[PDB]
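For the sequence shown, the positions run 249 to 575 when the entry's author numbering is used.
The C-beta atom is built at its ideal place from N, Cα and C for all residues, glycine as well.
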Amino acid sequence: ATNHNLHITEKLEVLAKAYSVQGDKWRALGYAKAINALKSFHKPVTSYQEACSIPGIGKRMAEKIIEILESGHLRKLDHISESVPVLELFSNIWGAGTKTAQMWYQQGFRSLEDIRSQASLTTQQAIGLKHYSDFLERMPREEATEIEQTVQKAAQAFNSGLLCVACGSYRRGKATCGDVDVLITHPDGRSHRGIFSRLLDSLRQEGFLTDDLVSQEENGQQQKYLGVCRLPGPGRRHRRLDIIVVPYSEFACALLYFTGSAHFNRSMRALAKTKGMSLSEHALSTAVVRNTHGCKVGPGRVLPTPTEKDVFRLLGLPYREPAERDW
Ligand SMILES: Nc1ccn([C@H]2C[C@H](O)[C@@H](COP(=O)(O)OP(=O)(O)OP(=O)(O)O)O2)c(=O)n1
Ligand SMILES: [Mg+2]
Ligand SMILES: [Mn+2]
Ligand SMILES: [Mn+2]
Numbered sequence: 249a250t251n252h253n254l255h256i257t258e259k260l261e262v263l264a265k266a267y268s269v270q271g272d273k274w275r276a277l278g279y280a281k282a283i284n285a286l287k288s289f290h291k292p293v294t295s296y297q298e299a300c301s302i303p304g305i306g307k308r309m310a311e312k313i314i315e316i317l318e319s320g321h322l323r324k325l326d327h328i329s330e331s332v333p334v335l336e337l338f339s340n341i342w343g344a345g346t347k348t349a350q351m352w353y354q355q356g357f358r359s360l361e362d363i364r365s366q367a368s369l370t371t372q373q374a375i376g377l378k379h380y381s382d383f384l385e386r387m388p389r390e391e392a393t394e395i396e397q398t399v400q401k402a403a404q405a406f407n408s409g410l411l412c413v414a415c416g417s418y419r420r421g422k423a424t425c426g427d428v429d430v431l432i433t434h435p436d437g438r439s440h441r442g443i444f445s446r447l448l449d450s451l452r453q454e455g456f457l458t459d460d461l462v463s464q465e466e467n468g469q470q471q472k473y474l475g476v477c478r479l480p481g482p483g484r485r486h487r488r489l490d491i492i493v494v495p496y497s498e499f500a501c502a503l504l505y506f507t508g509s510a511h512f513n514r515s516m517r518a519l520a521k522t523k524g525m526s527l528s529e530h531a532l533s534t535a536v537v538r539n540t541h542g543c544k545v546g547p548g549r550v551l552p553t554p555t556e557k558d559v560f561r562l563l564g565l566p567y568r569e570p571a572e573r574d575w
């Protein structure tokens, strides 16, 4: 027959072969399964939404297809059979993008050895290399749950009524989580301040937190810690952990943003701008007032959002349970 998506299929085929011979035959199935669906398609796929609707392609496969599509250019060097398996090897290193991967490829790096030994490495990328095998795998939902309770009970020792919620893939009801994003705040809006610094070292001492990506990131009034953790006991693997501390005022919108999905967020922002608003991770606020000619005449004000439901209300949307916002 005739295959419209020739470009996507060739890369996915070389990609699938590499994974089966490298040990993962589960994912090579996903690529192979995806390839058959792609071949039997009337038109060339060039977008995310279109890739998701196709029978046989999941919403985590679509993101992978998009990555390949966006990073196609230049594809000038060598051939796909020798480049792509090496490109993916560097791509899966944490804190390394496709551009950083092909960059290392241009320099002449073919193994993870060459990356560690010679290549320039971010403070982030170094950590990924150390825990690369463990970072290649998603974690079961149950493992994410006891990580949630670990951070939760560790923080609640400081403040009894302190609230900790997992907003990653976990909250969306996903069966597997690449990482676990823990959001922490307090109902009064008073208690959350200062907890961040005195909790990290508390968790670091017990051997729970192994490495730190960013010691502390200050965005507005939000605190973010990117890092790595390992559960106690034998046979435990290292899981990347993201902690975000927000004021209770921004909690509803921070909850919604971090909850997901990524494409859901993008769709929410796109919808918010059509109703004359803007949806950040801080608060749902009215869009900047502009005259007819597009000149910025007025500042946008912040709307009060105490609950996650009120955000949906103000956007004229019927509420959607986290399981139903996995786009
Ligand atoms: N470019 C991005 C990345 C993330 N997020 C938001 C939505 C995500 O759900 C959330 C957490 O980021 P993750 O990288 O952890 O995404 P997921 O948890 O949903 O998937 P994964 O299982 O790989 O962690 O942050 C976003 O809005 N835009
Ligand atoms: Mg997550
Ligand atoms: Mn990566
Ligand atoms: Mn994350």
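Out of the options, which has the shortest C-alpha to C-alpha gap to residue i?
{"i": "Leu384", "options": "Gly475, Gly442, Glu298, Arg487", "result": "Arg487"}
{"i": "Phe357", "options": "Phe338, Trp342, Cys477", "result": "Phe338"}
{"i": "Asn513", "options": "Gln471, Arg568, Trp342", "result": "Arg568"}
{"i": "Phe560", "options": "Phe289, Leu504, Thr433, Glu529", "result": "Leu504"}
{"i": "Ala276", "options": "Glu261, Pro566, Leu519", "result": "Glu261"}
{"i": "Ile256", "options": "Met309, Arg573, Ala374, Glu529", "result": "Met309"}
{"i": "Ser381", "options": "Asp272, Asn253, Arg420, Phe444", "result": "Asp272"}
{"i": "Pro333", "options": "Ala264, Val537, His440", "result": "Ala264"}
{"i": "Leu317", "options": "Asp460, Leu551, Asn253", "result": "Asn253"}
{"i": "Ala402", "options": "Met525, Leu448, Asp574, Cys415", "result": "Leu448"}
{"i": "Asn407", "options": "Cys501, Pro435, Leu562", "result": "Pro435"}
{"i": "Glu572", "options": "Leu562, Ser417, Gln469, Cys501", "result": "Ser417"}
{"i": "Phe499", "options": "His379, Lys347, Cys415, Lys281", "result": "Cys415"}
{"i": "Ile305", "options": "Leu325, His327, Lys281, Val293", "result": "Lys281"}
Can you tell me where the alpha helix (DSSP H) with residue i in it begins and where it stops?
{"i": "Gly416", "result": "Here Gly416 belongs to no alpha helix (DSSP H), and DSSP marks it neither H nor E."}
{"i": "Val399", "result": "389-404"}
{"i": "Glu556", "result": "556-562"}
{"i": "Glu454", "result": "Segment: none, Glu454 is in no alpha helix (DSSP H) and carries neither H nor E."}
{"i": "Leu431", "result": "Careful: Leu431 lies outside any alpha helix (DSSP H), inside the beta strand (DSSP E) at 428-433."}
{"i": "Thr257", "result": "254-270"}
{"i": "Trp274", "result": "273-287"}
{"i": "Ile316", "result": "309-318"}
{"i": "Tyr296", "result": "296-301"}
Quick one: measure Cβ to Cβ for residue i and residue j, integer angstroms, because I've assumed they're closer than 8 Å.
{"i": "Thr433", "j": "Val494", "result": "5 Å"}
{"i": "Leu369", "j": "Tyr353", "result": "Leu369 to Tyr353, Cβ: 15 Å. No contact."}
{"i": "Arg386", "j": "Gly426", "result": "5 Å"}
{"i": "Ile341", "j": "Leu286", "result": "No, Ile341 and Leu286 are not in contact; Cβ-Cβ is about 27 Å, not under 8 Å."}
{"i": "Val462", "j": "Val430", "result": "Actually they do not touch by this definition, with Cβ atoms about 15 Å apart."}
{"i": "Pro570", "j": "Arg419", "result": "5 Å"}
{"i": "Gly437", "j": "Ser497", "result": "6 Å"}
{"i": "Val476", "j": "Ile375", "result": "6 Å"}
{"i": "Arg389", "j": "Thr424", "result": "7 Å"}
Could you tell me the boundaries of the beta strand (DSSP E) in which residue i lies?
{"i": "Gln470", "result": "470-478"}
{"i": "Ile492", "result": "486-493"}
**Prompt:** Unbroken alpha helix (DSSP H) runs of length 4 or more, entirely within the stretch 322-387: which are they?
**Reply:** 328-339, 346-355, 360-365, 371-378, 380-383
Note down, one range per segment and in chain order, each alpha helix (DSSP H) of at least 4 residues found wholly within the stretch 505-546. Entirely contained in the stretch 505-546, the alpha helix (DSSP H) runs reaching 4 residues are, in chain order, 510-520.
| said: Run the Cβ filter for me: residues under 6 Å from any heavy atom of ligand 4, listed in the order they occur in the chain. | reply: Per the Cβ criterion, the list is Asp427, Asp429, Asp490.
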